[PDB]
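The chain that follows stands alone, in the form deposited in one PDB entry, written as structure tokens.
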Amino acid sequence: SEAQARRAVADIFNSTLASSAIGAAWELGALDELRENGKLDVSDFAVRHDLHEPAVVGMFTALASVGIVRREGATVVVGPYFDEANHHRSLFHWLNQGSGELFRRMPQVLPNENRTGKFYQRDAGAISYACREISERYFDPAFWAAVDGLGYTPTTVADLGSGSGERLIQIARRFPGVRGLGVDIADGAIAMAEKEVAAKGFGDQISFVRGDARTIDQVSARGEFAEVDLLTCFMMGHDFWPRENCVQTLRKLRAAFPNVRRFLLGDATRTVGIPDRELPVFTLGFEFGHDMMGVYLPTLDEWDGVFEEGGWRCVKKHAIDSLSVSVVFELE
């Protein structure tokens, strides 16, 4: 029906603005106001946070357009999809604020002749901000379970792809007096993690170093590697692949962290067989995005292959069904 088609396509258009707005409204404080008080006064909010009021009105109207919010007067009210969208807001942020420039440039990123050198760009600072909540909301119950089952109190912990630095911080809050080292390949991750450990008071327990975990022998921070007895790596396992490169890299890690006992690896994985009209949140963005970036994404079943060959024993495996098909491995 021509009218159903028109309403659908309009909804597709507006969903773009709503999607971009969710992450923005989180970052700026609006989603938190609404969860707390069920409602807010748009002018008041705009003045409180010193925001351009007409743009604010738009942001909320974009949210309203798809049911996240409902406007009555100068009041914004929690809408029927508020609780779902708010729960998942870090995913929208990662898609838009974080990875938005990648998808924007689709027509320049697909042609083979452009897929050379640095042919896409994302905002590493924003990815770090999103992934900090993605960790908490989706990965944490399995991560802490694995931490509870270590068998030992760790001393020096190393985190590959540290991002916001928040994992290392939370580990230090639990094990007071541990030392932390974060390796991330991106200047914006490093910078955010440094400001964050500084603000939060751990500046002499936790350091960071810019570096590539795939070329771990070339990372500049020699000193502390051999003292590390806990290794963590979250949301970047797939950067180790294809299969050969992953095996060789896993072996380099076992060699450069001789005294690591447990290695906790958490990641999302390429799904199989999900019908197109039923893709849950995140899945399509994760898979399409990485395919655009020329970054290999293994199935869960591919991972099983590689641990023993890379010189590691897989002791425990946790399913995370809350975020596409995700997993935590406890390796030894």
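Throughout, we count residues from 1 along the sequence that is shown.
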| query | finding |
| --- | --- |
| Mean C-alpha temperature factor, higher of 144-152 and 87-95 | 144-152 |
| 284-292 or 271-279, whichever carries the higher mean Cα B-factor | 271-279 |
| Largest Cα B-factor, entry values, listed residues 60, 26, 303, 263 | 303 |
| Which of 219, 235, 168, 189 ranks first by CA B-factor in the deposited coordinates | 219 |
| Within-chain third of residue 180 by Cα B-factor, per the entry | highest |
| CA B-factor ranking of residue 77, expressed as a third of its chain | highest |
| Among modelled residues of the same chain, the CA temperature factor third for residue 161 | lowest |
| Entry-reported Cα temperature factor of residue 208, expressed as the chain third it lands in | middle |
| Relative C-alpha B-factor of residue 101, binned into the chain's lowest, middle or highest third | lowest |
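Separately, the form deposited in another entry exists; it is not shown, and the next lines address it.
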property: Hinge pick from 138, 158, 96, 239, given that two rigid parts rotate relative to each other between this form and the one not shown; result: 138
